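Presented as structure tokens, the chain that follows is alone, the form deposited in one PDB entry.
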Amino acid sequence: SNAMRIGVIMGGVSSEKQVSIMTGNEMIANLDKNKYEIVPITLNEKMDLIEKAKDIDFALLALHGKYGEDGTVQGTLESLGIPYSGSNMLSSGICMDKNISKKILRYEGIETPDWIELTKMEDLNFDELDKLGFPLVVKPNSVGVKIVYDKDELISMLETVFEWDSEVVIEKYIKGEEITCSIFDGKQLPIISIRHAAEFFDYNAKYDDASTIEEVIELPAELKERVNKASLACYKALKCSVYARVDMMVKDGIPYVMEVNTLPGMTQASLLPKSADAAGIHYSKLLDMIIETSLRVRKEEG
């Protein structure tokens, strides 16, 4: 039995590169050595992939952020006829574009927060802005998401963001419970709650706003059914394959989709593998399912 040669693809620039290295190392360390011949691939520049992938049967992506999201790596691998993990080039690019992904979701009737799309030299229509109210969340579509409380803050923040990016999403702020829903091959995994830590005095909870805890949670049946329905619908709508993670906010019992991730964290401390583990899927087996399901999917694509 000749072992399939798995390239573990690492790369990116700055902190993304480091997260990528850490991810690849975990994969390399947990890949079943009897099933696979493991081939670490570290990309000094993105297009070095063409040379380094000559010796692999499959590309397992350890990438993090733009390099793995924009779709170029997937498209290159496809052009080389080399099967790879996760969503394809178009699904990846769509999911990475928050504006375009929200349009498609909203077209499909999936709840997502109201928003304005704005490009760099484009003016800003204050009548539609006012419809949104304040606070607002400014999302580059290097610089992170930021809550702004009024017109002046918004203006100032647009100017900060636009120097680096040419496009922004301005989203209505929603105060609610944050959750994230991992999907593997069209099946919903355990939901994870993301909230502040509390100190409890009897039944009074005092929250620490500087903290964040992530915990697997079972939601009440009604909301659970609604959440599972929305997340799978995102998955199909955005043409995702193999696995994805949908980030949502719940208010008044209604889930809103903030984003869909085709390249979610894959370290053992990351949300998706934590969800899989709660589902009885240990890390090494999650890696087996990704390779196995990806091969099937790349074959269905031709």
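Start at 1 with the first residue shown and count on from there. Note that the rigid core is defined as the largest set of C-alphas that superpose within 1.5 Å between two forms.
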item: Gap size between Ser142 and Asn141, counted in deposited residues that the entry leaves unmodelled; value: 4 to 9
item: 171-179 versus 126-134 - greater average Cα B-factor per the deposited record; value: 126-134
item: Between 154-162 and 86-94 (mean CA B-factor, as deposited), the higher; value: 154-162
item: Most elevated Cα B-factor in the entry, residues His64, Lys236, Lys35, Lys274; value: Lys35
item: Third of the chain's Cα B-factor distribution that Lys103 belongs to, per the entry; value: lowest
item: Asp247 by Cα B-factor - lowest, middle or highest third of the modelled chain; value: lowest
item: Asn204 CA temperature factor, ranked by third within the chain; value: lowest
item: Third assignment of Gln268 from its chain's C-alpha B-factors; value: middle
item: Chain thirds of CA B-factor: placement of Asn44; value: highest
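This protein has a second form, the form deposited in another entry, left out of what is shown; the following refers to that one.
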property: Flagged residue of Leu90, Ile100, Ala197, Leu80 - C-alpha shift reaching 2 Å or more between this form and the one not shown, core superposed; result: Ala197
property: Rigid-core frame, C-alpha of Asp208, shift of 2 angstroms or more between this form and the one not shown; result: yes
property: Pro135: Cα shift of 2 Å or greater between this form and the one not shown (core-aligned); result: yes
property: Large Cα move at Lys151 between this form and the one not shown, threshold 2 Å, rigid core; result: yes
property: In the other entry, whether the C-alpha atoms of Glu159 and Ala210 sit closer or farther than here (change of 3 Å or more); result: closer
property: CA-CA separation of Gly65 and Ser211, closer or farther in the other entry than in the form shown [shift of 3 angstroms or more]; result: closer
